[PDB]
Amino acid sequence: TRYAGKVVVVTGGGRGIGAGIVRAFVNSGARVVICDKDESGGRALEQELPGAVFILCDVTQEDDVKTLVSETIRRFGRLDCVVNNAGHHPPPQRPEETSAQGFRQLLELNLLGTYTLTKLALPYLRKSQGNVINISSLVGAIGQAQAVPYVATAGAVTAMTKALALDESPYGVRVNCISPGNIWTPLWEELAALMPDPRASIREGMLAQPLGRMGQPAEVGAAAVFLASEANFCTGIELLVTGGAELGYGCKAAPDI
């Protein structure tokens, strides 16, 4: 009952982290609108979960997002939380093999989708004293190899969260982000499958955390429910869900030349 009577929109909710967030909010007593550009996972998740419904919506298409918000209000009468999870991490990219246009397209997906839904939702979040939860990444904070465009998008989302938190604080709307590290999801599995030795890639991903495993969508989901339902004095924070990957020395490459 932690979030009973509340209405939550989760983008990219059809699989992976987003589906974990959907499940966590349903378990907390909320009604959830699952947004995804792909029907397959999200439609099944509506059938499975009483209290969740699915709306086909590509966050890069502003009229899809306008309809997502208007339909949420028409069907459920209020909006308390938006979780901006839709996004993508490309395969490894050497800097010289990226392009400005590819970078613009990744910004469109990973940064401007979040911007667009947040802007359309905010009038309703002000009415409910609701909150925004943005998914970013640990790599926005610490960098990553072979991911210049992706890392830039994560740095932008984390910073944008802080700016919007300042702007919406007089209106009672909190804005926070979750920065996952390595979470085992279909995207992780798909990216590993492109590598010459998928098994070694997965093992390396596990051992990047002091805990020696990757995280689960359910763990990101619990962090989101905390931010929405109980973190009433938290705004503009970056909640790390990383298993300690940012801690200590690790293998990153006369002794001093």
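Don't overthink the numbering: it's just position in the shown sequence, from 1.
*Asks:* With residue 253 and residue 254 adjacent in the shown sequence, let me know how many deposited residues between them lack coordinates: none, 1 to 3, 4 to 9, or 10 or more.
*Replies:* Gap between residue 253 and residue 254: 4 to 9 residues without coordinates.
*Asks:* So, looking at the entry's B-factor column for Cα atoms, which has the higher mean, 204-212 or 25-33?
*Replies:* It is 204-212 that shows the higher mean C-alpha B-factor.
*Asks:* Do the C-alpha atoms of 221-229 or of 60-68 have the higher average B factor in the entry?
*Replies:* Comparing 60-68 with 221-229, the higher average CA B-factor belongs to 60-68.
*Asks:* Highest CA temperature factor in the entry: which of 170, 143, 155, 181?
*Replies:* Top of the list by C-alpha B-factor: 170.
*Asks:* Comparing residue 127 with the other modelled residues of its chain, is its CA B-factor in the lowest, middle or highest third?
*Replies:* Highest third of the chain for residue 127's C-alpha B-factor.
*Asks:* Ordered by C-alpha B-factor within the chain, which third holds residue 185? Give me lowest, middle or highest, please.
*Replies:* For residue 185, the deposited C-alpha B-factor lands in the middle third.
*Asks:* Taking the values exactly as deposited, rank residue 88 by C-alpha B-factor within its chain and report the matching third: lowest, middle or highest.
*Replies:* Ranked within chain, residue 88 CA B lands in the middle tercile.
*Asks:* Going by the recorded CA B-factors, say which third of the chain residue 99 sits in, lowest, middle or highest.
*Replies:* As the PDB entry reports it, the C-alpha B-factor of residue 99 lands in the highest third of its chain.
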